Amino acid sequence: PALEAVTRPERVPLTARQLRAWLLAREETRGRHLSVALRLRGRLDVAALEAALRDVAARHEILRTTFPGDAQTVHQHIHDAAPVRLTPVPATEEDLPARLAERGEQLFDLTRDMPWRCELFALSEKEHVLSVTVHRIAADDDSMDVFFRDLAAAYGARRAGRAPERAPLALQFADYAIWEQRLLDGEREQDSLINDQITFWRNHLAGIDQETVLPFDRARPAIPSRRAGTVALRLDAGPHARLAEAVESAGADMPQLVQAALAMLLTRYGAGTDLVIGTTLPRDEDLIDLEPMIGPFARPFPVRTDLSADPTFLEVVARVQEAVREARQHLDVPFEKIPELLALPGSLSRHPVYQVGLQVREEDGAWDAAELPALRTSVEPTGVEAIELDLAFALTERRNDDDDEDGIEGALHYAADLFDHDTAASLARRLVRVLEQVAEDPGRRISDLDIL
């Protein structure tokens, strides 16, 4: 199929990713949102900011899309651009974090409400904080970089009393959802290229456990709350540099090495030797028309590795690099479509296929705050987002000016329902310890690790 602008059906279908997010949005449970904030210092044209925010929504149809009504009938209802009304909420530097939190925790009704929400807080005459919250059914992390980039372009125009004269998107997200459906309609043909990828995942993930055996402090509740805790994590530049020497030794990238070390740690925690560590791959770099778009293009990526026969670190890296290599050429099948193809039972309180996630970025990267003209703009810290997994490592590979190894920073996000802080703090602590031990000696086996 061709990724093309297509004549719309009477009912624009959801993607497998959107559909899953829609079923989860149906409680005490926290909402899976993207909550960000900008600190704006200088003269703020609130009237221009309102129009700019509406301009971004008018540019991306997904920002003005509701999803009625039930699971057998849910479709993408695309409305015309809705107005944006900002009335500055007076705030102090003390109560501001509580205000940013509340507006981030507020749930969306995806049948009636737009998938995004924003507020403007006033600290002083020339200092404001713009809060922006977008539901995961409408955007990923890369989409936020696009959001502010388009916000900046729009605000720069509205500030001068002008409307943004820009080239319209070649594709709306409705087009992508249609394209995905005509792709997954290849299961009808016996010798289709997509049936090859389905039988792969059917074979690759056959026999995986329902859960990953983790050091739970409490049993998994029937209904999850998605309350997330956060433990800071950092591998210092020293050990990071020596670990990068093993990168050349094995011939595999750094995220695969951390993944290898993480896997070895889990086995020592008594998770068995048949692990599945998942990650989220960004949108396809080759598809250029998806670059300036806002949407949940990010794809979950389950990788299964064997840790039997007490392997060395170099060996685990090897097994990981092979599993990733083969699985990467079968990405046209959405992860959210997999549990149906594996005939998995599925749960509302557990993430399918895998429960442990790992993210290692090269910072080359995260979403950057886009410059608003005549304004000093910077990212304002927000609360920890809701967690769908049990454990979720979000790490970043840091570099210095000499472009040498300068440490691996990040944090472990954990489900507070299942783990205590000290339980997760030890997990984050011991991941670094393993990373330090295998850096000094990549020949260390699982039994050689110093874990308590």
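When you see a residue number, it is the position in the sequence shown, counting from 1.
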What lies unmodelled of the deposited sequence between residue 364 and residue 365 amounts to 1 to 3
Of the deposited residues between residue 26 and residue 27, the number without coordinates is 1 to 3
Identify the stretch, either 89-97 or 333-341, whose C-alpha atoms have the larger mean B-factor according to the entry. 333-341
Higher-scoring stretch by recorded Cα B factor average, 209-217 or 274-282: 209-217
Per the coordinate record, which of the options 312, 73, 131, 359 holds the highest CA temperature factor? 73
Candidate set 377, 249, 321, 106 [ranked by C-alpha B-factor, highest]: 249
Sort the modelled residues of this chain by their C-alpha B factor and say whether residue 157 lands in the lowest, middle or highest third. lowest
Modelled-residue ranking by C-alpha temperature factor, third containing residue 142: middle
Which third, lowest, middle or highest, does the CA B-factor of residue 293 fall in along this chain? middle
Of the three thirds of Cα B-factor ranks in this chain, residue 184 occupies the highest
Position of residue 413 among the chain's modelled residues by C-alpha B-factor, lowest, middle or highest third: lowest
